[PDB]
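Just one chain follows, in the form deposited in one PDB entry, and it is written as structure tokens.
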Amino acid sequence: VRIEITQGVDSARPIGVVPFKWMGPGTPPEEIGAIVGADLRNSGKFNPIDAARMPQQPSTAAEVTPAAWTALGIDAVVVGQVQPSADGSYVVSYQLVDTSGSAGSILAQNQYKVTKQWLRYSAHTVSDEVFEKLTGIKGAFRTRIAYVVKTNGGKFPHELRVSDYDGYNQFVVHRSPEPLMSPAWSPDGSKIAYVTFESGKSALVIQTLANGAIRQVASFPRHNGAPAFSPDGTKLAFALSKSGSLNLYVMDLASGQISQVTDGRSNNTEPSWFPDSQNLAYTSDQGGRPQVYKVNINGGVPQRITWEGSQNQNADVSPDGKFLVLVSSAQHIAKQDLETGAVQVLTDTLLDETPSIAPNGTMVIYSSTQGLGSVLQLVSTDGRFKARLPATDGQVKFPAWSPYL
């Protein structure tokens, strides 16, 4: 399993991630250093040096010789150790060491006790701490993605799947004879809402990941759905056409009470929340072709956001609420800065669909057509970095990036 980088950033910050020292006999159950290096490269903000070109492989700050690293243009080295415990757990230790002085200086350090299943998790935790210390931006390496796969054969061709952001640890959430679409994460990462065609008439359900339990929210015609959980965890937004056209509704999760949020004769769908859990961006066809609008759930006249381009839809509001990532259309992923109206087309892939922003706002996952198939694509929100997720055994659509985990 590997994230294929199709456009690297050659000016990314050089860093040294030393292979962690294994403190036991034989070989370690995971290579923590390799994962940390892969993570930092996947962020688009670092260029980890090849181990073969390292001047030494220190495992603690006292062993670091700063001159050897600065001479190679590297001002930070990640070092570490993995120690097996008697009970079969491991202690994963790391130190982030500044090499800009005469002796190493520690910028961050930590230790983690985990069993085998969470060694990759511990490596992502290292990556997160290093990333935030060096960039000031919170790391998203511990996150998951959800997506839908249509396999070419079998009784249950449609599967809602989850994996780590980097493609490892794939599991199946739900399988179905009939299409599945539009998964949406609860902000605590414990549930996913999605739309299903299984029962006949289409339905919106919420599935609890821990035990597979499924709650029915609503059933409706084919074009309804498009769920989105509010960031504060209290509400689920979605689109129903029972008024005579698609309109936005929110359900109070606690009471199950559903209230109508837009009341236009036009079709209004694809809600996405602003950080305040009070405002929604959404797609409306009131002007003819789809454009993106904003409305407050507590009342007020909707306001059009996207005034540039013939068509704009499937908007995702950034975690900080300052920009949209959306589909502009022939159809590409684009960023729009809300304060300035500045629009940046981010991709040149074919038939780009359904972008989802990582919880630190630095990266976008979306799907596109590559040849005869739909595949998952990554692009940085500044457009400099591009990659492709490892292929799956079938057509893949509707990616949704998890919250922080």
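Counting begins at 1, following the sequence as shown. Definition used throughout: the rigid core is the maximal C-alpha set that superposes within 1.5 Å between two forms.
Missing here is the form deposited in another entry; even so, the following discussion is about that form.
- Once you line up the core between this form and the one not shown, the CA of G244 is the only one from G244, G256, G288, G299 that shifts by 2 Å or more.
- Core-superposed comparison between this form and the one not shown: the C-alpha position of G101 differs by less than 2 Å.
- Comparing the forms between this form and the one not shown on their rigid core, the Cα displacement of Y121 stays under 2 Å.
- In this overlay on the rigid core, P177 has a C-alpha that sits less than 2 Å away from its partner position between this form and the one not shown.
- By 3 Å or more, the C-alpha separation between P399 and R222 grows in the other entry relative to the form shown here.
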